[PDB]
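Shown next: run-v6.csv, given as CSV, C-alpha atoms and all ligand atoms.
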```
chain,number,residue,atom,x,y,z
A,2,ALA,CA,0.0,0.0,0.0
A,3,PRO,CA,0.9,3.7,-0.5
A,4,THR,CA,3.0,5.3,2.2
A,5,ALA,CA,4.2,8.8,2.9
A,6,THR,CA,6.6,10.6,5.3
A,7,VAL,CA,7.1,14.2,6.5
A,8,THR,CA,10.5,15.2,7.8
A,9,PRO,CA,10.8,16.9,10.1
A,10,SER,CA,7.2,16.4,11.4
A,11,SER,CA,7.6,17.8,14.9
A,12,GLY,CA,8.9,20.9,16.7
A,13,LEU,CA,7.8,22.7,13.5
A,14,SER,CA,7.3,26.5,13.6
A,15,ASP,CA,5.1,28.7,11.4
A,16,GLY,CA,6.7,28.9,8.0
A,17,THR,CA,8.9,25.8,8.5
A,18,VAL,CA,9.8,23.9,5.3
A,19,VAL,CA,9.4,20.1,5.4
A,20,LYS,CA,10.1,17.3,2.9
A,21,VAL,CA,7.0,15.3,2.0
A,22,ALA,CA,7.8,11.9,0.4
A,23,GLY,CA,5.5,9.4,-1.2
A,24,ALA,CA,6.1,5.7,-2.0
A,25,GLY,CA,4.0,2.9,-3.6
A,26,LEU,CA,2.1,5.6,-5.6
A,27,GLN,CA,1.0,5.0,-9.2
A,28,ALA,CA,3.7,6.1,-11.7
A,29,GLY,CA,2.9,9.3,-13.6
A,30,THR,CA,-0.1,10.2,-11.5
A,31,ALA,CA,-0.2,13.5,-9.7
A,32,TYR,CA,-0.8,13.7,-6.0
A,33,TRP,CA,-1.8,16.9,-4.2
A,34,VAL,CA,0.7,17.6,-1.4
A,35,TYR,CA,-1.0,19.7,1.2
A,36,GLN,CA,-1.5,20.7,4.9
A,37,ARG,CA,-4.9,19.8,6.5
A,38,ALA,CA,-6.9,19.3,9.7
A,39,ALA,CA,-10.1,17.3,10.3
A,40,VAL,CA,-12.7,19.9,11.4
A,41,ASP,CA,-15.1,16.9,11.5
A,42,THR,CA,-14.6,13.1,11.4
A,43,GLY,CA,-13.4,12.3,7.9
A,44,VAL,CA,-14.0,15.9,6.8
A,45,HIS,CA,-10.7,17.8,6.0
A,46,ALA,CA,-10.0,21.6,5.9
A,47,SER,CA,-6.9,22.4,3.8
A,48,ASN,CA,-4.5,25.3,3.1
A,49,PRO,CA,-4.5,26.0,-0.7
A,50,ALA,CA,-2.2,29.0,-0.1
A,51,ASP,CA,0.9,26.8,0.4
A,52,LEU,CA,-0.5,23.7,-1.5
A,53,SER,CA,1.8,21.9,-3.9
A,54,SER,CA,1.9,18.5,-5.7
A,55,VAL,CA,4.0,15.6,-6.9
A,56,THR,CA,4.0,13.1,-9.7
A,57,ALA,CA,5.2,9.6,-8.7
A,58,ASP,CA,8.1,8.5,-10.8
A,59,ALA,CA,8.3,5.0,-12.5
A,60,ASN,CA,8.8,3.4,-9.1
A,61,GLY,CA,5.9,5.2,-7.5
A,62,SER,CA,8.2,7.5,-5.6
A,63,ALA,CA,8.5,11.3,-5.2
A,64,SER,CA,9.2,14.0,-2.7
A,65,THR,CA,8.9,17.7,-2.4
A,66,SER,CA,9.1,20.8,-0.2
A,67,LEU,CA,6.1,22.0,1.8
A,68,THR,CA,5.8,25.2,3.8
A,69,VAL,CA,3.6,24.5,6.9
A,70,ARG,CA,1.8,27.0,9.0
A,71,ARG,CA,0.8,27.0,12.7
A,72,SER,CA,-2.4,28.7,11.6
A,73,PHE,CA,-4.1,28.9,8.2
A,74,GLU,CA,-7.3,29.8,6.3
A,75,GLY,CA,-8.9,26.4,5.8
A,76,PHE,CA,-11.2,25.4,2.9
A,77,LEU,CA,-13.1,22.1,2.6
A,78,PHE,CA,-12.9,19.8,-0.5
A,79,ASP,CA,-16.3,21.2,-1.6
A,80,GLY,CA,-14.7,24.7,-1.9
A,81,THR,CA,-16.3,26.0,1.3
A,82,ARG,CA,-14.3,28.4,3.4
A,83,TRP,CA,-14.3,26.7,6.8
A,84,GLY,CA,-12.4,29.3,8.7
A,85,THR,CA,-9.0,29.8,10.4
A,86,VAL,CA,-7.4,26.5,11.7
A,87,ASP,CA,-4.9,26.5,14.6
A,88,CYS,CA,-2.7,23.5,14.5
A,89,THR,CA,-1.7,24.3,18.1
A,90,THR,CA,-4.8,22.3,19.2
A,91,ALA,CA,-6.0,20.8,15.9
A,92,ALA,CA,-4.5,17.6,14.7
A,93,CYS,CA,-3.0,18.9,11.5
A,94,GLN,CA,-1.4,16.4,9.1
A,95,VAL,CA,0.1,16.4,5.6
A,96,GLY,CA,-2.1,14.8,3.0
A,97,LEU,CA,-1.1,13.2,-0.3
A,98,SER,CA,-4.2,12.6,-2.6
A,99,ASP,CA,-4.7,12.2,-6.3
A,100,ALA,CA,-7.6,13.6,-8.3
A,101,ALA,CA,-9.9,10.8,-7.1
A,102,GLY,CA,-8.9,11.2,-3.4
A,103,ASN,CA,-6.6,8.2,-3.3
A,104,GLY,CA,-3.1,7.9,-1.8
A,105,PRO,CA,-1.3,7.2,1.5
A,106,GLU,CA,-2.6,8.0,5.0
A,107,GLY,CA,-2.1,11.5,6.3
A,108,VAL,CA,1.0,12.2,8.3
A,109,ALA,CA,0.6,13.8,11.7
A,110,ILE,CA,2.7,16.9,12.2
A,111,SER,CA,2.9,19.1,15.3
A,112,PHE,CA,4.3,22.4,16.5
B,2,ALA,CA,-27.6,31.1,-16.0
B,3,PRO,CA,-24.7,31.8,-13.7
B,4,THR,CA,-22.8,34.9,-14.5
B,5,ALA,CA,-19.5,36.4,-13.1
B,6,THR,CA,-17.7,39.7,-13.2
B,7,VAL,CA,-14.2,41.0,-12.4
B,8,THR,CA,-13.5,44.6,-11.5
B,9,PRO,CA,-11.1,45.8,-12.3
B,10,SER,CA,-10.1,43.4,-15.1
B,11,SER,CA,-7.9,45.6,-17.3
B,12,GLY,CA,-4.6,47.4,-16.7
B,13,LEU,CA,-4.1,45.0,-13.7
B,14,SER,CA,-0.7,44.5,-11.9
B,15,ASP,CA,1.0,41.7,-10.0
B,16,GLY,CA,-0.6,41.9,-6.6
B,17,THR,CA,-3.8,43.9,-7.6
B,18,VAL,CA,-7.0,43.1,-5.7
B,19,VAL,CA,-10.1,42.6,-7.8
B,20,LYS,CA,-13.7,42.1,-6.9
B,21,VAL,CA,-15.1,38.8,-8.3
B,22,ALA,CA,-18.9,38.7,-8.3
B,23,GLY,CA,-21.3,35.8,-9.2
B,24,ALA,CA,-25.0,35.7,-9.9
B,25,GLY,CA,-27.6,33.1,-10.7
B,26,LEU,CA,-25.8,30.6,-8.4
B,27,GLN,CA,-27.2,27.8,-6.4
B,28,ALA,CA,-28.2,29.2,-3.0
B,29,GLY,CA,-26.0,27.6,-0.4
B,30,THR,CA,-23.5,26.2,-2.8
B,31,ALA,CA,-19.7,27.0,-2.5
B,32,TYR,CA,-17.7,28.1,-5.6
B,33,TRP,CA,-13.9,28.3,-5.9
B,34,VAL,CA,-12.7,31.7,-7.0
B,35,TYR,CA,-9.4,31.4,-8.8
B,36,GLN,CA,-7.1,32.8,-11.4
B,37,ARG,CA,-6.5,30.5,-14.4
B,38,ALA,CA,-5.2,30.2,-17.9
B,39,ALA,CA,-6.0,27.7,-20.6
B,40,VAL,CA,-2.8,25.9,-21.6
B,41,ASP,CA,-4.9,23.8,-24.0
B,42,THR,CA,-8.4,23.7,-25.3
B,43,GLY,CA,-10.6,23.2,-22.2
B,44,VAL,CA,-7.5,22.6,-20.0
B,45,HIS,CA,-6.7,25.3,-17.4
B,46,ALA,CA,-3.7,25.7,-15.1
B,47,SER,CA,-4.8,27.6,-12.0
B,48,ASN,CA,-3.1,29.6,-9.2
B,49,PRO,CA,-3.7,27.8,-5.8
B,50,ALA,CA,-1.5,30.2,-3.9
B,51,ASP,CA,-4.1,33.0,-4.1
B,52,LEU,CA,-7.2,30.7,-4.5
B,53,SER,CA,-10.3,31.7,-2.6
B,54,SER,CA,-14.0,31.0,-2.7
B,55,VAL,CA,-17.6,32.2,-2.2
B,56,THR,CA,-20.9,30.6,-1.1
B,57,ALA,CA,-24.0,31.9,-3.0
B,58,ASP,CA,-26.5,33.6,-0.7
B,59,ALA,CA,-30.3,33.0,-0.7
B,60,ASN,CA,-30.7,34.9,-4.0
B,61,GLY,CA,-27.9,33.0,-5.8
B,62,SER,CA,-25.5,35.9,-5.4
B,63,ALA,CA,-22.1,36.4,-3.8
B,64,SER,CA,-18.8,38.3,-4.3
B,65,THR,CA,-15.4,38.6,-2.7
B,66,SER,CA,-11.8,39.8,-3.2
B,67,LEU,CA,-9.1,38.0,-5.2
B,68,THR,CA,-5.4,38.9,-5.5
B,69,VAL,CA,-4.1,38.4,-9.1
B,70,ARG,CA,-0.6,37.6,-10.3
B,71,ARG,CA,1.2,38.5,-13.5
B,72,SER,CA,3.0,35.2,-13.1
B,73,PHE,CA,2.3,32.1,-10.9
B,74,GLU,CA,2.9,28.4,-10.5
B,75,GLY,CA,0.2,26.7,-12.5
B,76,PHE,CA,-1.6,23.5,-11.5
B,77,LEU,CA,-4.0,21.4,-13.6
B,78,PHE,CA,-7.4,20.2,-12.3
B,79,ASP,CA,-5.9,16.7,-11.6
B,80,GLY,CA,-3.1,18.1,-9.4
B,81,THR,CA,-0.3,18.3,-11.9
B,82,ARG,CA,2.2,21.1,-11.6
B,83,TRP,CA,2.1,22.4,-15.2
B,84,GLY,CA,4.7,25.2,-15.1
B,85,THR,CA,4.9,28.9,-14.7
B,86,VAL,CA,2.0,30.8,-16.3
B,87,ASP,CA,2.8,34.3,-17.6
B,88,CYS,CA,-0.4,36.3,-18.1
B,89,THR,CA,1.6,38.8,-20.2
B,90,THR,CA,1.0,36.5,-23.2
B,91,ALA,CA,-1.3,33.8,-21.8
B,92,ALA,CA,-5.0,34.5,-21.9
B,93,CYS,CA,-5.7,34.6,-18.2
B,94,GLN,CA,-9.1,34.7,-16.6
B,95,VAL,CA,-11.0,34.2,-13.3
B,96,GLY,CA,-12.9,31.1,-12.6
B,97,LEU,CA,-15.9,30.4,-10.5
B,98,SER,CA,-16.4,26.6,-10.2
B,99,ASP,CA,-18.3,24.3,-7.8
B,100,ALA,CA,-17.1,20.9,-6.7
B,101,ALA,CA,-18.5,19.5,-9.9
B,102,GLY,CA,-17.0,22.0,-12.4
B,103,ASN,CA,-20.3,23.9,-12.7
B,104,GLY,CA,-20.5,27.7,-12.6
B,105,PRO,CA,-20.4,30.7,-14.9
B,106,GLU,CA,-17.9,31.2,-17.7
B,107,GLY,CA,-14.4,32.5,-17.1
B,108,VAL,CA,-13.9,36.2,-17.0
B,109,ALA,CA,-11.0,37.5,-19.2
B,110,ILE,CA,-8.5,39.7,-17.4
B,111,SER,CA,-5.4,41.6,-18.6
B,112,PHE,CA,-2.3,43.2,-17.2
B,113,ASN,CA,-0.3,46.4,-17.9
C,201,LIG,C1,-12.8,18.9,19.6
C,201,LIG,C2,-11.8,18.4,18.5
C,201,LIG,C3,-10.4,19.0,18.8
C,201,LIG,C4,-10.4,20.5,18.7
C,201,LIG,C5,-10.7,20.9,17.2
C,201,LIG,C6,-12.1,20.3,16.8
C,201,LIG,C7,-12.4,20.6,15.3
C,201,LIG,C8,-12.4,22.1,15.1
C,201,LIG,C9,-11.1,22.7,15.5
C,201,LIG,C10,-10.4,23.5,14.6
C,201,LIG,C11,-9.1,24.1,15.0
C,201,LIG,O1,-8.3,24.4,14.1
C,201,LIG,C12,-9.0,24.3,16.5
C,201,LIG,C13,-9.2,23.0,17.3
C,201,LIG,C14,-10.7,22.4,17.0
C,201,LIG,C15,-11.7,23.1,17.9
C,201,LIG,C16,-12.1,18.7,17.0
C,201,LIG,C17,-13.3,17.9,16.7
C,201,LIG,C18,-13.2,16.6,17.5
C,201,LIG,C19,-11.9,16.8,18.4
C,201,LIG,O2,-11.5,16.0,19.5
C,201,LIG,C20,-10.3,15.5,19.7
C,201,LIG,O3,-9.3,16.1,20.0
C,201,LIG,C21,-10.2,14.0,19.7
C,201,LIG,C22,-9.8,13.4,21.1
C,201,LIG,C23,-8.6,12.4,21.0
C,201,LIG,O4,-7.5,12.9,20.8
C,201,LIG,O5,-8.9,11.2,21.0
C,202,LIG,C1,-9.5,16.7,-5.5
C,202,LIG,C2,-10.0,16.8,-4.0
C,202,LIG,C3,-10.8,18.2,-3.9
C,202,LIG,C4,-9.8,19.4,-4.1
C,202,LIG,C5,-8.7,19.3,-2.9
C,202,LIG,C6,-7.9,17.9,-3.0
C,202,LIG,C7,-6.8,17.9,-1.9
C,202,LIG,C8,-5.9,19.0,-2.0
C,202,LIG,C9,-6.6,20.4,-2.0
C,202,LIG,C10,-6.2,21.3,-1.1
C,202,LIG,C11,-6.9,22.6,-1.1
C,202,LIG,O1,-6.8,23.3,-0.1
C,202,LIG,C12,-7.5,23.0,-2.3
C,202,LIG,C13,-8.5,21.9,-2.9
C,202,LIG,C14,-7.7,20.6,-3.1
C,202,LIG,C15,-7.0,20.5,-4.5
C,202,LIG,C16,-8.9,16.8,-2.9
C,202,LIG,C17,-8.4,15.4,-2.9
C,202,LIG,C18,-9.6,14.5,-3.3
C,202,LIG,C19,-10.8,15.5,-3.6
C,202,LIG,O2,-12.0,15.1,-4.3
C,202,LIG,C20,-13.0,14.7,-3.7
C,202,LIG,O3,-13.8,15.2,-2.8
C,202,LIG,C21,-13.4,13.3,-4.0
C,202,LIG,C22,-13.8,13.2,-5.5
C,202,LIG,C23,-14.6,11.9,-5.7
C,202,LIG,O4,-13.9,10.8,-5.9
C,202,LIG,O5,-15.9,12.0,-5.6
C,203,LIG,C1,-13.0,20.8,-8.4
C,203,LIG,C2,-12.1,21.0,-9.6
C,203,LIG,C3,-10.7,20.4,-9.4
C,203,LIG,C4,-9.9,21.2,-8.3
C,203,LIG,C5,-9.8,22.7,-8.8
C,203,LIG,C6,-11.2,23.3,-9.1
C,203,LIG,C7,-11.1,24.8,-9.5
C,203,LIG,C8,-10.3,25.6,-8.4
C,203,LIG,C9,-9.0,25.0,-8.1
C,203,LIG,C10,-7.9,25.7,-8.2
C,203,LIG,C11,-6.5,25.2,-7.9
C,203,LIG,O1,-5.6,25.7,-8.2
C,203,LIG,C12,-6.6,24.0,-7.0
C,203,LIG,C13,-7.6,22.9,-7.5
C,203,LIG,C14,-9.0,23.5,-7.7
C,203,LIG,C15,-9.8,23.4,-6.3
C,203,LIG,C16,-11.9,22.4,-10.1
C,203,LIG,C17,-13.3,22.9,-10.6
C,203,LIG,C18,-13.9,21.6,-11.1
C,203,LIG,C19,-12.9,20.4,-10.9
C,203,LIG,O2,-13.3,19.1,-11.0
C,203,LIG,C20,-13.9,18.5,-12.0
C,203,LIG,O3,-13.5,18.4,-13.2
C,203,LIG,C21,-15.3,18.0,-11.8
C,203,LIG,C22,-15.3,16.5,-11.8
C,203,LIG,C23,-16.7,16.0,-11.3
C,203,LIG,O4,-17.6,16.0,-12.1
C,203,LIG,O5,-16.7,15.5,-10.1
```

Turn the structure described in the file into structure tokens.
Ligand SMILES: C[C@]12CC[C@H]3[C@@H](CCC4=CC(=O)CC[C@@]43C)[C@@H]1CC[C@@H]2OC(=O)CCC(=O)O
Ligand SMILES: C[C@]12CC[C@H]3[C@@H](CCC4=CC(=O)CC[C@@]43C)[C@@H]1CC[C@@H]2OC(=O)CCC(=O)O
Ligand SMILES: C[C@]12CC[C@H]3[C@@H](CCC4=CC(=O)CC[C@@]43C)[C@@H]1CC[C@@H]2OC(=O)CCC(=O)O
Amino acid sequence: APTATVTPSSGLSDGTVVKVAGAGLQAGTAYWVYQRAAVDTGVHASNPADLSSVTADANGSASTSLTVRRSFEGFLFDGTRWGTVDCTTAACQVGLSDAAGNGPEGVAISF
Amino acid sequence: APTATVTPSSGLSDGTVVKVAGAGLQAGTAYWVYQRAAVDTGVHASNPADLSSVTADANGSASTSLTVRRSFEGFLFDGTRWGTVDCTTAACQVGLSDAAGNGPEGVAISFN
């Protein structure tokens, strides 16, 4: 199954740059690399401002840089502006999803 | 039918804030407000960095502010990083799309 890692994923400050890496992804496919938090069970609010992506190489691997924030203006997948999200108490993680919502499990990060 | 407007939409500069307004929208529905450019027939590369949204009110109306860029990192609807889009030569516009791709037609914008 698809895996992902965020290094470093702890002791992060606002504006910190981390490396997001995916493995066991499908070659050639694009995966949205983004910061998020579940404002409801199974319902994620993300940060498009610093969003980015990645296309798994022939071995289904890829990594990139992501700028994380302690707090960010979160939007839902349906486009709705949810509101400001403070990762200080919210369980923010870095997601890796393709255009159909598939990919590895979100990686918990903390500040 | 849904309709959109961008003011200003001419003589714009990198960093300019414009008013994007939608009408004839589904009351209660959210619509992404974003800058884009067609890099191919029916294929747009958007600017997520300054992306924003709106949620139509009871009368299917809604507006908000959007910061525009002369240049930006473009992304395709499927998540692909396309490349740098330069609105100096690219026909850039402003989109208003719901989670299903529905919404008014793109509004053409231009820079100085
Ligand atoms: C209340 C809550 C933690 C605080 C979250 C809230 C969702 C809304 C929310 C957004 C923020 O950015 C601030 C924290 C916060 C208000 C979460 C919904 C369920 C959750 O509960 C837990 O922490 C789960 C307990 C556990 O760790 O097992
Ligand atoms: C593309 C997507 C909606 C747009 C999301 C994307 C995750 C990355 C992302 C972060 C943002 O803050 C902007 C929107 C966006 C680019 C989501 C991953 C799956 C999702 O789609 C769905 O809700 C599921 C579609 C379905 O299979 O019905
Ligand atoms: C949601 C969407 C993909 C994600 C796009 C969104 C437009 C706004 C936008 C700007 C970005 O730069 C991030 C992705 C994103 C948030 C698109 C509008 C329609 C599109 O999806 C479809 O083609 C619709 C497929 C379907 O019928 O489910």

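All residues of protein, DNA or RNA that reach within 6 Å of residue 98 (chain B), judged by all atoms listed in the file and not counting those fewer than 2 positions away in the chain, are residues 32, 33, 102, 103 and 104 of chain B.
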
Tell me, in Å to one decimal, how far CA of residue 51 (chain B) is from CA of residue 75 (chain B).
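A separation of 11.3 Å between them.
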
Mind listing the residues within 6 Å of ligand LIG 202 (chain C), only C-alpha atoms and all ligand atoms counted, as a ChimeraX atom specification?
/A:33,35,47-49,76,78,98-102

Would you mind listing, as a PDB file with C-alpha atoms, in the frame of the given file, all residues of chain A that have at least one atom within 7 Å of chain B, where all atoms listed in the file are what counts?
```
ATOM      1  CA  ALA A  31      -0.200  13.500  -9.700  1.00  0.00           C
ATOM      2  CA  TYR A  32      -0.800  13.700  -6.000  1.00  0.00           C
ATOM      3  CA  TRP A  33      -1.800  16.900  -4.200  1.00  0.00           C
ATOM      4  CA  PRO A  49      -4.500  26.000  -0.700  1.00  0.00           C
ATOM      5  CA  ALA A  50      -2.200  29.000  -0.100  1.00  0.00           C
ATOM      6  CA  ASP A  51       0.900  26.800   0.400  1.00  0.00           C
ATOM      7  CA  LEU A  52      -0.500  23.700  -1.500  1.00  0.00           C
ATOM      8  CA  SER A  54       1.900  18.500  -5.700  1.00  0.00           C
ATOM      9  CA  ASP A  79     -16.300  21.200  -1.600  1.00  0.00           C
ATOM     10  CA  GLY A  80     -14.700  24.700  -1.900  1.00  0.00           C
ATOM     11  CA  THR A  81     -16.300  26.000   1.300  1.00  0.00           C
ATOM     12  CA  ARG A  82     -14.300  28.400   3.400  1.00  0.00           C
ATOM     13  CA  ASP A  99      -4.700  12.200  -6.300  1.00  0.00           C
ATOM     14  CA  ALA A 100      -7.600  13.600  -8.300  1.00  0.00           C
TER      15      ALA A 100
END
```

Tell me which protein, DNA and RNA residues are within 9 Å of region 14-27 of chain B, counting only C-alpha atoms, leaving out same-chain ones fewer than 4 positions away, and put them as a PyMOL selection string.
chain B and resi 2-10+31-32+34+55-72+95+97+104-105+111-113

Do you have the CA of residue 15 (chain A)-atom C4 of ligand LIG 201 (chain C) distance handy?
19.0 Å

Fix up region 27-52 of chain A with N, CA, C and O atoms, then write it as a JSON list (two decimals), in the coordinates of the input.
```json
[["chain", "number", "residue", "atom", "x", "y", "z"],
["A", 27, "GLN", "N", 1.13, 5.52, -7.78],
["A", 27, "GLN", "CA", 1.00, 5.00, -9.20],
["A", 27, "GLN", "C", 1.84, 5.97, -10.09],
["A", 27, "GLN", "O", 1.62, 7.18, -10.14],
["A", 28, "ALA", "N", 2.78, 5.37, -10.81],
["A", 28, "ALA", "CA", 3.70, 6.10, -11.70],
["A", 28, "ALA", "C", 3.00, 7.03, -12.74],
["A", 28, "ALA", "O", 2.17, 6.60, -13.55],
["A", 29, "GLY", "N", 3.40, 8.29, -12.71],
["A", 29, "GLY", "CA", 2.90, 9.30, -13.60],
["A", 29, "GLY", "C", 1.70, 10.06, -13.09],
["A", 29, "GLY", "O", 1.39, 11.15, -13.58],
["A", 30, "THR", "N", 1.06, 9.51, -12.07],
["A", 30, "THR", "CA", -0.10, 10.20, -11.50],
["A", 30, "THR", "C", 0.31, 11.31, -10.54],
["A", 30, "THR", "O", 1.32, 11.25, -9.83],
["A", 31, "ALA", "N", -0.49, 12.36, -10.57],
["A", 31, "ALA", "CA", -0.20, 13.50, -9.70],
["A", 31, "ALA", "C", -0.91, 13.39, -8.38],
["A", 31, "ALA", "O", -2.03, 12.90, -8.28],
["A", 32, "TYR", "N", -0.21, 13.80, -7.34],
["A", 32, "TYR", "CA", -0.80, 13.70, -6.00],
["A", 32, "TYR", "C", -0.64, 15.10, -5.36],
["A", 32, "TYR", "O", 0.46, 15.68, -5.30],
["A", 33, "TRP", "N", -1.77, 15.63, -4.90],
["A", 33, "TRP", "CA", -1.80, 16.90, -4.20],
["A", 33, "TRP", "C", -1.02, 16.75, -2.92],
["A", 33, "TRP", "O", -1.28, 15.81, -2.16],
["A", 34, "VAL", "N", -0.07, 17.64, -2.66],
["A", 34, "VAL", "CA", 0.70, 17.60, -1.40],
["A", 34, "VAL", "C", 0.19, 18.84, -0.63],
["A", 34, "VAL", "O", 0.42, 19.98, -1.05],
["A", 35, "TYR", "N", -0.47, 18.61, 0.50],
["A", 35, "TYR", "CA", -1.00, 19.70, 1.20],
["A", 35, "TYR", "C", -1.13, 19.57, 2.74],
["A", 35, "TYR", "O", -1.05, 18.46, 3.26],
["A", 36, "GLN", "N", -1.34, 20.69, 3.44],
["A", 36, "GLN", "CA", -1.50, 20.70, 4.90],
["A", 36, "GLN", "C", -3.01, 20.60, 5.14],
["A", 36, "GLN", "O", -3.78, 21.18, 4.40],
["A", 37, "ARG", "N", -3.43, 19.91, 6.19],
["A", 37, "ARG", "CA", -4.90, 19.80, 6.50],
["A", 37, "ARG", "C", -5.14, 19.50, 7.94],
["A", 37, "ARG", "O", -4.23, 19.23, 8.72],
["A", 38, "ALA", "N", -6.41, 19.54, 8.30],
["A", 38, "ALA", "CA", -6.90, 19.30, 9.70],
["A", 38, "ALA", "C", -8.32, 18.82, 9.56],
["A", 38, "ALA", "O", -9.08, 19.36, 8.75],
["A", 39, "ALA", "N", -8.72, 17.83, 10.35],
["A", 39, "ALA", "CA", -10.10, 17.30, 10.30],
["A", 39, "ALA", "C", -11.04, 18.13, 11.20],
["A", 39, "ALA", "O", -11.09, 17.89, 12.40],
["A", 40, "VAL", "N", -11.79, 19.06, 10.62],
["A", 40, "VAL", "CA", -12.70, 19.90, 11.40],
["A", 40, "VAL", "C", -13.96, 19.04, 11.76],
["A", 40, "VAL", "O", -14.87, 19.51, 12.43],
["A", 41, "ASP", "N", -13.98, 17.80, 11.28],
["A", 41, "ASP", "CA", -15.10, 16.90, 11.50],
["A", 41, "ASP", "C", -14.54, 15.53, 11.18],
["A", 41, "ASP", "O", -13.56, 15.44, 10.45],
["A", 42, "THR", "N", -15.13, 14.46, 11.70],
["A", 42, "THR", "CA", -14.60, 13.10, 11.40],
["A", 42, "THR", "C", -14.65, 12.90, 9.87],
["A", 42, "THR", "O", -15.70, 13.05, 9.23],
["A", 43, "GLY", "N", -13.51, 12.54, 9.31],
["A", 43, "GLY", "CA", -13.40, 12.30, 7.90],
["A", 43, "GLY", "C", -13.61, 13.53, 7.01],
["A", 43, "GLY", "O", -13.60, 13.42, 5.79],
["A", 44, "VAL", "N", -13.78, 14.71, 7.62],
["A", 44, "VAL", "CA", -14.00, 15.90, 6.80],
["A", 44, "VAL", "C", -12.76, 16.88, 7.02],
["A", 44, "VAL", "O", -12.60, 17.50, 8.07],
["A", 45, "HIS", "N", -11.94, 17.00, 5.98],
["A", 45, "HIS", "CA", -10.70, 17.80, 6.00],
["A", 45, "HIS", "C", -10.81, 19.26, 5.53],
["A", 45, "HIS", "O", -11.45, 19.56, 4.52],
["A", 46, "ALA", "N", -10.13, 20.15, 6.26],
["A", 46, "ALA", "CA", -10.00, 21.60, 5.90],
["A", 46, "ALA", "C", -8.56, 21.73, 5.53],
["A", 46, "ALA", "O", -7.68, 21.40, 6.33],
["A", 47, "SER", "N", -8.30, 22.24, 4.33],
["A", 47, "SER", "CA", -6.90, 22.40, 3.80],
["A", 47, "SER", "C", -6.47, 23.85, 3.62],
["A", 47, "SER", "O", -7.25, 24.79, 3.70],
["A", 48, "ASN", "N", -5.18, 23.99, 3.32],
["A", 48, "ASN", "CA", -4.50, 25.30, 3.10],
["A", 48, "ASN", "C", -4.02, 25.39, 1.62],
["A", 48, "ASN", "O", -2.88, 25.06, 1.31],
["A", 49, "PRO", "N", -4.87, 25.88, 0.71],
["A", 49, "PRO", "CA", -4.50, 26.00, -0.70],
["A", 49, "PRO", "C", -3.33, 27.00, -0.89],
["A", 49, "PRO", "O", -2.56, 26.88, -1.84],
["A", 50, "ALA", "N", -3.23, 27.98, 0.00],
["A", 50, "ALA", "CA", -2.20, 29.00, -0.10],
["A", 50, "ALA", "C", -0.77, 28.41, -0.30],
["A", 50, "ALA", "O", -0.01, 28.90, -1.13],
["A", 51, "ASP", "N", -0.43, 27.37, 0.47],
["A", 51, "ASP", "CA", 0.90, 26.80, 0.40],
["A", 51, "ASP", "C", 0.85, 25.37, -0.27],
["A", 51, "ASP", "O", 1.85, 24.64, -0.30],
["A", 52, "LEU", "N", -0.31, 25.01, -0.79],
["A", 52, "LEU", "CA", -0.50, 23.70, -1.50],
["A", 52, "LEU", "C", 0.62, 23.51, -2.50],
["A", 52, "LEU", "O", 1.33, 24.44, -2.87]]
```
